[PDB]
Asker: 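What follows is a structure written as structure tokens; I'll ask about it next.
Hydrogens, waters and symmetry mates play no part in the numbers below; they use all other heavy atoms, side chains included. Letters A, B, ... mirror the listed sequences (proteins, then strands); counts begin at 1.
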Amino acid sequence: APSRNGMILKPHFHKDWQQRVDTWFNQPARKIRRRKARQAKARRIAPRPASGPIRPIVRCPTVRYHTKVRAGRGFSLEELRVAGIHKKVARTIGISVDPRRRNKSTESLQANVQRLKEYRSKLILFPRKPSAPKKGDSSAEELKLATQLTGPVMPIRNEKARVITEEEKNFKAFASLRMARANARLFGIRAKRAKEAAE
Amino acid sequence: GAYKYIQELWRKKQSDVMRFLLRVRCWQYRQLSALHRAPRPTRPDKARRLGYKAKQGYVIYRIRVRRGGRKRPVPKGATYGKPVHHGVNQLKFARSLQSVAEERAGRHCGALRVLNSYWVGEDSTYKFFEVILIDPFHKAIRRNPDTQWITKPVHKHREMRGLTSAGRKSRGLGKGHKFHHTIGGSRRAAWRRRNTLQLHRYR
Amino acid sequence: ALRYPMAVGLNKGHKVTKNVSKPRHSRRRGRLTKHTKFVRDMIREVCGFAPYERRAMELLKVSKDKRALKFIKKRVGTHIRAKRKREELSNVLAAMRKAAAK
Amino acid sequence: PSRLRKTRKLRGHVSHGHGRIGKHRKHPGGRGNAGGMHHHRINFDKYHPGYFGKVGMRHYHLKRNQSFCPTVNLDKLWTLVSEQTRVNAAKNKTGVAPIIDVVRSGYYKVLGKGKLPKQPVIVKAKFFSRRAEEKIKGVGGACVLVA
Amino acid sequence: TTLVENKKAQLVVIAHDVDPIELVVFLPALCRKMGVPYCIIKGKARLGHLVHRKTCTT
RNA sequence: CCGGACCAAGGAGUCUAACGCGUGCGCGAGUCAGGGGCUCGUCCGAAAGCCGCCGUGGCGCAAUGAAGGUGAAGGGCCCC
RNA sequence: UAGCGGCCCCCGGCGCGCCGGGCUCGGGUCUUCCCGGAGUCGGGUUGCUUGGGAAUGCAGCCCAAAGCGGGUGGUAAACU
RNA sequence: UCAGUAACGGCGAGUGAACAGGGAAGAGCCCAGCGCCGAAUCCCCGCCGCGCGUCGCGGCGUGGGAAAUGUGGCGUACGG
């Protein structure tokens, strides 16, 4: 079978694959059907943004991705409470809610709170009965300036030169990283030997 | 409430009280038929936390199940083929003894809907279960919105499709790293997805 | 500066201020309320003990704590479960001795 | 295109380029990588040394995301900022130095292959190499650690 | 059972024949612990006749 | 030695995946939208066009060690 | 055939108005209380299954719980 | 996409996922239990006022039955 130089290939064609072959000739058809579903949904919810509710700002959970920010599932109960929005009225307003999300820090809490306040100020609330309005919005902003948003609501998107001082110039970046890795490694056994020496 | 006391009471199955009760009940069920209609649940507290309610349309059936493993039904124990498939005697059924109790109640009572089941007794040769059934065409059931789901045609013979609580346990579904064989809804669904060659138009 | 945030070491990680909040109600599961302790104590008085619990208490009476632990571990299965069962049976024997002295 | 292939020019030749003596049979050798130790143990030794055997220790549940540490050398360090930044910084007479935030460009560790212009610079990164830090200092810059 | 737990009951009457005895096998001991008097009566339909039903337990 | 009595029509290195080398083209330390989305009901058009505020990602741009880890500047001319 | 071409019959939904029936109650702050699914979990063993490797999942038999507990944290175990 | 990767395998032939990341879609909820409320609850049968495309409403019933071995309302871990 092998002939001179080559690669040791291991193809996974030992399992009657011809009975399970997924062809994508219906791919253009499912793009039109998905598109017409979007357009019909946008008309059915016409004044509403047609891009779903407003999602919060979320940090990606890994070293590879913790420098980036994306959209989360919903605003947590802690940021909804600080903003002063009831958790059972947020869904009706157009606010996604994630009851199972925690808030480890305060900057991420405050960023999502300010995002909620910006949405509330930017929101137009139509009265339940058009003839009889109550605690809603005025006629000027309702029947004259109401438009359906096109894309996602509030899209989520991702240092001056100075004189180097003598203190940071004499900073051992490589040396500190080496001692730091040693200190973490040796932390437990150093304490145990200190305790044994005490005894 | 009295239901909490009964719940803790049934947890002390080794007690002198519960050993006596389980002995006399198991004896009594052994004199009956394998499929028997019960006037009322033996464990009212266990039934209600499994979905039962004291209303017209809810019935209880007691099922007796032979206990043991699965012997391979091959003549003279001769499985023709390779040695790895020679096992006849220490083979096990994929579904539980409780699942086959629900399946046998549903097959006999075709017009009813299996809701759930629970343990009542146990012997060296038999295991006893009690199955809750709902008559989906009783007016007390299909006028109550909280129980109109069982009347829908998609809930026929849940016990034969592994949709009851006992049946689901054998399917190996869940969340996380222990359950990746069913990460698409079922074992067959996952197998098909990772055994299908995707040939796009632009390759 | 002489100090910097670092990805390695004991105090590793991007610096952030911790938000303190009341623990979620899901973490409360499995606590001993007063009423649940009462119902549990009532059932213990009505029912009694399992045969293996009596055998372990016989061992604890003659102060074979090591043998009793290895007997309970073979009954319940896990060392951490066996340890608390021995502590519970020890408390029953202790309260029985205090009442008997009274 | 089937009209540009060898089969078109093999019409009329009784053996289809596969010989009269040895013929074209189903699988004269094995199938796949069969016999890599028995009758193909010259091809495997000549062209794939190390193929058979076990080396090293296993690691269950490897998640490559935590071992993620992209690297950048010093010879590409000034490409992470605009050209105007380097020219203005060099022309400035005081000791002010521009800052290149390497993490903002998607690199975590700075390695020290190459050489730097004689132009002080502040470099921010998660990890530094020993020669990278020495070359940044020699030019007159600083290494700032970021978590 | 709730009334005994609240000491709001002055007398508890328990039928002697409950088909699942677990419904009541705890109740006499609970009544003693909280100091309410309890009696066991000879009949489960007799208590039901009091409450205009077929069967009553307590 | 075996096949071939004669005539007509049919009749056998194909397709998919994976590699390797060679060659044509585009761009070039980058390159590639292929999955998705935006544009009038869409004969052609299930095509074509565009995304750049979709480049996530793939391959390449760094290797070595089993791993913890570490990680690629050379010269010329003067002084000691 | 093209045409936001015409005419006729029928079946609809979403909005706006009329009558009849049902319901007609919320939100913060403080104080006092309440708070959970057992022959199930888990353990041993056997058989099948999985990429899951001192046991990923499933089941048979034996043992068989707890409540500041229980499950998980991809190498068996004790302590934290 | 991760990925023919971590891992499995007479460690041979061969087999082989998941998390993160980008998209399509996007929606959440209900009991049992603990409690409070004179069983407040449900099925059937009649009569009347109705309404009536082939069946719902209100009342009455000195009309039956189910249900205290527990129906209904409030309330389910995001606490109540």
Side-chain angles (χ1 to χ4, degrees), chain A residues 5-7 9-14 25 28-29 32 34 52 60-62 64-65 77 86-87 99-100 155 157, chain B residues 1 3-4 7 10-11 13 40-41 44 48-51 53-56 67-70 87 90-96 119 122 138-140 146 169-170 172 176-181 183 194 197 199-200 202-203, chain C residues 24-26 28-33 35-36 74-79 81 84-85, chain D residues 7 10 16 24 32-34 36-37 52-65 71 111-115 129 131, chain E residues 2 18-20 23 51 53 55-57:
Chain A
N5 216 357
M7 215 183 255
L9 318 152
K10 309 246 208 133
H12 288 54
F13 279 22
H14 302 88
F25 305 124
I32 308 139
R34 274 169 180 189
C60 305
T62 223
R64 181 171 180 191
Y65 292 109
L77 294 205
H86 196 281
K87 89 188 171 181
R100 80 168 73 81
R157 301 187 187 282
Chain B
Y3 292 134
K4 191 144 188 63
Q7 178 181 356
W10 263 88
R11 282 171 185 206
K13 275 181 192 64
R40 61 186 71 251
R48 50 193 317 81
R49 83 172 60 101
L50 284 184
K53 281 218 172 320
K55 254 182 299 193
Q56 283 154 330
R67 67 188 306 225
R70 186 178 188 269
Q90 321 193 299
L91 312 174
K92 274 88 182 171
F93 195 39
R95 302 193 325 159
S96 61
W119 187 91
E122 190 157 34
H138 203 295
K139 279 298 169 311
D146 257 7
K169 296 184 179 11
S170 147
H177 76 279
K178 317 276 213 49
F179 311 99
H180 290 160
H181 333 89
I183 214 154
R194 52 194 55 162
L197 187 68
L199 288 186
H200 309 323
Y202 300 98
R203 266 168 269 164
Chain C
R24 299 165 67 77
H25 199 65
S26 44
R28 172 265 190 261
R29 187 74 186 266
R31 287 163 58 90
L32 196 33
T33 85
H35 191 213
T36 302
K74 195 131 198 45
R75 285 297 155 130
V76 299
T78 279
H79 181 86
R81 295 179 170 215
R84 40 177 324 98
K85 198 46 136 303
Chain D
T7 285
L10 278 170
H16 214 253
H24 187 187
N33 316 301
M37 274 159 122
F52 299 105
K54 252 139 81 161
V55 153
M57 45 199 204
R58 290 116 78 216
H59 187 270
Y60 320 134
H61 188 45
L62 175 83
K63 288 158 316 203
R64 306 209 164 260
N65 274 231
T71 58
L111 300 178
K113 163 187 198 199
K115 55 142 195 160
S129 178
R131 281 164 217 71
Chain E
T2 289
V18 182
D19 298 326
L23 291 168
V51 288
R53 290 189 287 280
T55 287
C56 195
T57 278

Asker: Please classify the nucleic acid contact of B/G51 as base, sugar-phosphate, or nothing, using heavy-atom distances under 4.0 Å.
Answerer: nothing
Asker: Could you tell me how far apart A/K10 (NZ) and G/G51 (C1') are, to the nearest whole angstrom?
Answerer: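 Answer to the nearest Å: 15 Å.
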Asker: Is the side chain of A/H12 donor-acceptor paired with the backbone N or O of A/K10 at a distance under 3.5 Å, no angle test?
Answerer: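 Checking the backbone N and O of A/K10 against the side chain of A/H12, a donor-acceptor pair under 3.5 Å is found.
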Asker: Starting at atom OH of B/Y202, determine the distance to atom P of F/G35, rounded to an integer number of angstrom.
Answerer: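 It is 8 Å, rounded to the nearest whole Å.
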Asker: Any donor and acceptor pair, going by atom type alone, linking the side chain of B/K53 with main-chain N or O of B/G51 inside 3.5 Å?
Answerer: no
Asker: If only side-chain N and O atoms of B/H177 are considered, is one of them under 4.0 Å from the OP1 or OP2 phosphate oxygen of G/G52?
Answerer: no
Asker: Between B/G1 and E/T2, what is the shortest heavy-atom contact and its length?
Answerer: N-OG1, 4.1 Å
Asker: Taking all heavy atoms of E/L23 and all of B/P44, pick out the closest pair and write down the distance.
Answerer: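 Shortest heavy-atom contact: CD2-CG, 3.9 Å.
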Asker: Sticking with atom P, work out how far H/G65 lies from H/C55, rounded to a whole angstrom.
Answerer: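 The answer is 30 Å between these two P atoms.
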Asker: Would you say C/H79 places a side-chain N or O within less than 4.0 Å of OP1 or OP2 belonging to G/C79?
Answerer: yes
Asker: I need the B/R67 CZ to B/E122 CD distance, nearest 0.5 Å.
Answerer: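 Rounded to the nearest 0.5 Å, the CZ-CD separation comes to 4.0 Å.
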Asker: Can you find a side chain N or O atom of C/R28 that sits less than 4.0 Å from OP1 or OP2 on G/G36?
Answerer: yes
Asker: Using Watson-Crick or G-U wobble geometry with both distances under 3.5 Å, which nucleotide pairs with F/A63?
Answerer: F/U70
Asker: By the 4.0 Å heavy-atom rule, please label D/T7 as base, sugar-phosphate, or nothing.
Answerer: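 Sugar-phosphate contact only - D/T7 comes under 4.0 Å of backbone atoms but never of a base.
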Asker: Need one value for D/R58: base, sugar-phosphate or nothing, where a base atom within 4.0 Å counts as base even if backbone is also close, heavy atoms only.
Answerer: sugar-phosphate
Asker: Identify whether G/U24 and G/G20 are a Watson-Crick or G-U wobble pair (both distances under 3.5 Å).
Answerer: no
Asker: Using 0.5 Å steps for rounding, measure from the NE2 atom of C/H35 to the OG1 atom of C/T33.
Answerer: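 Rounded to the nearest 0.5 Å, the NE2-OG1 separation comes out at 7.5 Å.
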Asker: Across the strands shown, which category fits A/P28 at heavy-atom distances under 4.0 angstrom: base, sugar-phosphate, nothing?
Answerer: sugar-phosphate
Asker: Just the endpoints, please: which first and last nucleotides of RNA chain H, 5' to 3', lie under 4.0 Å from a heavy atom of chain E?
Answerer: H/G35 to H/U69
Asker: Give one of base, sugar-phosphate or nothing for A/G52, where a contact means two heavy atoms less than 4.0 Å apart.
Answerer: nothing
Asker: Under 4.0 angstrom, heavy atoms only, what part of the nucleic acid is E/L23 near: base, sugar-phosphate, or nothing?
Answerer: base
Asker: Between H/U1 and H/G21, how many Å separate the two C1' atoms, rounded to a whole number?
Answerer: 8 Å
Asker: Assign C/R81 to base, sugar-phosphate, or nothing according to its heavy-atom contacts below 4.0 angstrom with the strands shown.
Answerer: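 Counting heavy atoms under 4.0 Å across all strands, the contact made by C/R81 includes a base.
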Asker: So, is D/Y60 near the phosphate of G/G73, with a side-chain N or O under 4.0 Å from OP1 or OP2?
Answerer: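 No, because none of the side-chain N or O atoms of D/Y60 sits under 4.0 Å from OP1 or OP2 of G/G73.
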Asker: Please determine whether a side-chain nitrogen or oxygen atom of B/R49 lies at a distance below 4.0 Å from atom OP1 or OP2 of G/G36.
Answerer: no
Asker: Are B/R95 and G/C48 close enough that a side-chain N or O sits under 4.0 Å from OP1 or OP2?
Answerer: no
Asker: Kindly say whether H/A7 and H/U15 qualify as a Watson-Crick or G-U pair under the rule that both distances are below 3.5 angstrom.
Answerer: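 Yes, H/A7 pairs with H/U15, since both Watson-Crick or G-U wobble distances fall under 3.5 Å.
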Asker: Roughly how far, to the nearest 0.5 Å, is the OH atom of B/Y3 from the CZ atom of B/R49?
Answerer: 10.5 Å
Asker: Any N or O donor-acceptor pair linking the side chain of B/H180 to the base of G/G74 at under 3.5 Å?
Answerer: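 Counting by modelled atom types and ignoring angles, no donor-acceptor contact under 3.5 Å is found here.
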Asker: Please confirm whether neighbouring nucleotides G/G73 and G/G74 meet the stacking test: six-membered ring centres under 5.5 angstrom apart, planes under 30 degrees.
Answerer: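 Not stacked, because at least one condition fails for the base rings of G/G73 and G/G74.
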Asker: Under a 3.5 Å limit on both distances, do G/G47 and G/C58 form a Watson-Crick or G-U wobble pair?
Answerer: yes
Asker: Is H/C34 base-paired to H/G9, counting Watson-Crick or G-U wobble with both distances below 3.5 Å?
Answerer: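 Result no; criteria under 3.5 Å not both met.
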Asker: Determine the interatomic distance between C1' on G/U80 and the same-named atom on G/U49; round to the nearest Å.
Answerer: 37 Å
Asker: On a heavy-atom basis, which atom in D/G112 and which in D/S129 lie closest, and how many Å separate them?
Answerer: N-CB, 4.4 Å
Asker: Both distances under 3.5 Å, Watson-Crick or G-U wobble: does F/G49 pair with F/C38?
Answerer: yes
Asker: Does a distance-only test, which skips hydrogens and angles, find a donor-acceptor pair under 3.5 Å between the side chain of B/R70 and the base of G/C48?
Answerer: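 Between G/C48 and B/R70, which were checked side chain against base, a qualifying N/O pair under 3.5 Å is absent.
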Asker: Do neighbours G/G36 and G/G37 have base six-rings closer than 5.5 Å at the centres and tilted less than 30° apart?
Answerer: no
Asker: Using a heavy-atom cut-off of under 4.0 Å over every strand shown, decide if A/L9 touches base, sugar-phosphate, or nothing.
Answerer: base
Asker: Please classify the nucleic acid contact of C/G30 as base, sugar-phosphate, or nothing, using heavy-atom distances under 4.0 Å.
Answerer: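 Here C/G30 touches the bases of the nucleic acid.
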Asker: Just checking A/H12: base, sugar-phosphate only, or nothing, at a heavy-atom cut-off of under 4.0 Å?
Answerer: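 Here A/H12 touches the bases of the nucleic acid.
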Asker: Within the pair C/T78 and G/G43, is there a side-chain N or O less than 4.0 Å away from OP1 or OP2?
Answerer: no
Asker: Nearest 0.5 Å, what's the NZ-CG distance between A/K87 and A/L77?
Answerer: 5.5 Å
Asker: Between B/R203 and F/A17, does any side-chain N or O lie under 4.0 Å from OP1 or OP2?
Answerer: yes
Asker: To the nearest 0.5 Å, what is the distance between OG1 (C/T36) and CZ (C/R31)?
Answerer: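 So the OG1 of C/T36 and the CZ of C/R31 are separated by 11.5 Å.
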Asker: When you compare the pyrimidine-type six-membered rings of G/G70 and the adjacent G/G71, are the centres under 5.5 angstrom apart while the planes stay under 30 degrees?
Answerer: yes
Asker: Checking all strands, does D/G32 fall into the base, sugar-phosphate, or nothing category for heavy-atom contacts under 4.0 angstrom?
Answerer: sugar-phosphate
Asker: How long is the straight-line distance from CD of B/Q56 back to NZ of B/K139, given to the nearest 0.5 Å?
Answerer: 12.5 Å
Asker: For C/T36 and G/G36, is the shortest distance between a side-chain N/O and OP1 or OP2 below 4.0 Å?
Answerer: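 So the side-chain polar atoms of C/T36 do come within 4.0 Å of the phosphate oxygens OP1 or OP2 of G/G36, strictly under.
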Asker: Looking for any heavy atom pair under 4.0 Å, which part of the strands does B/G87 touch: base, sugar-phosphate only, or nothing?
Answerer: nothing
Asker: Both distances under 3.5 Å, Watson-Crick or G-U wobble: report the partner of H/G58, or none.
Answerer: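 Result: H/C48.
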Asker: Is there a donor-acceptor pair closer than 3.5 Å between any side-chain N or O of C/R29 and the backbone N or O of C/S26?
Answerer: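 No.
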Asker: Looking at H/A24, which nucleotide sits across from it as a Watson-Crick or G-U wobble partner, both distances under 3.5 angstrom, or is there none?
Answerer: none
Asker: Roughly how far apart, to the nearest Å, are F/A33 and F/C50 at atom P?
Answerer: 10 Å
Asker: Does G/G26 fall in syn (glycosidic angle within 90° of 0) or anti?
Answerer: anti
Asker: Can you tell me the Watson-Crick or wobble partner of G/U29, both distances under 3.5 angstrom?
Answerer: none
Asker: Does F/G41 fall in syn (glycosidic angle within 90° of 0) or anti?
Answerer: syn
Asker: As a test of reading the structure: which of F/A73, G/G73, G/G47 is closest to the side chain of D/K113, going by heavy atoms?
Answerer: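 My answer, after comparing the listed nucleotides, is F/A73.
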Asker: I want to check something: taking the side chain as every heavy atom from C-beta on, are B/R194 and B/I183 in contact at a cut-off of under 4.5 Å?
Answerer: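 SC-SC contact between B/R194 and B/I183 confirmed.
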Asker: With both distances kept under 3.5 Å, what pairs with G/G36, Watson-Crick or G-U wobble?
Answerer: none
Asker: Could you check whether C/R75 gets within reach of a base, just the sugar-phosphate, or nothing at all, counting any heavy atom under 4.0 Å?
Answerer: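 Contact class for C/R75: base.
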Asker: Take B/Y3 and A/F13, find for each the nucleotide of RNA chain H with the closest heavy atom, and name the residue whose nucleotide sits nearer the 5' end.
Answerer: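 Comparing both residues, the 5'-ward one is A/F13.
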Asker: Contact class for B/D146 vs. all strands (heavy atom < 4.0 Å): base, sugar-phosphate, or nothing?
Answerer: sugar-phosphate
Asker: Return the pairing partner of H/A66 with a 3.5 Å limit on both distances, Watson-Crick or G-U wobble; otherwise return none.
Answerer: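 Base-paired to H/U41.
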Asker: Kindly indicate whether the side chain of B/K178 and the base of G/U72 share any N or O donor-acceptor pair separated by less than 3.5 Å?
Answerer: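 Looking at the base of G/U72, it does not pair with any donor or acceptor on the side chain of B/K178 (distance under 3.5 Å).
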Asker: Quick test of your reading: by the Watson-Crick or G-U wobble rule with a 3.5 Å threshold, is F/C40 paired to F/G60?
Answerer: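 So F/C40 is not base-paired to F/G60.
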Asker: Of E/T55 and A/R34, whose nearest nucleotide on RNA chain H comes first from the 5' end?
Answerer: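 Counting from the 5' end, the first nearest nucleotide belongs to A/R34.
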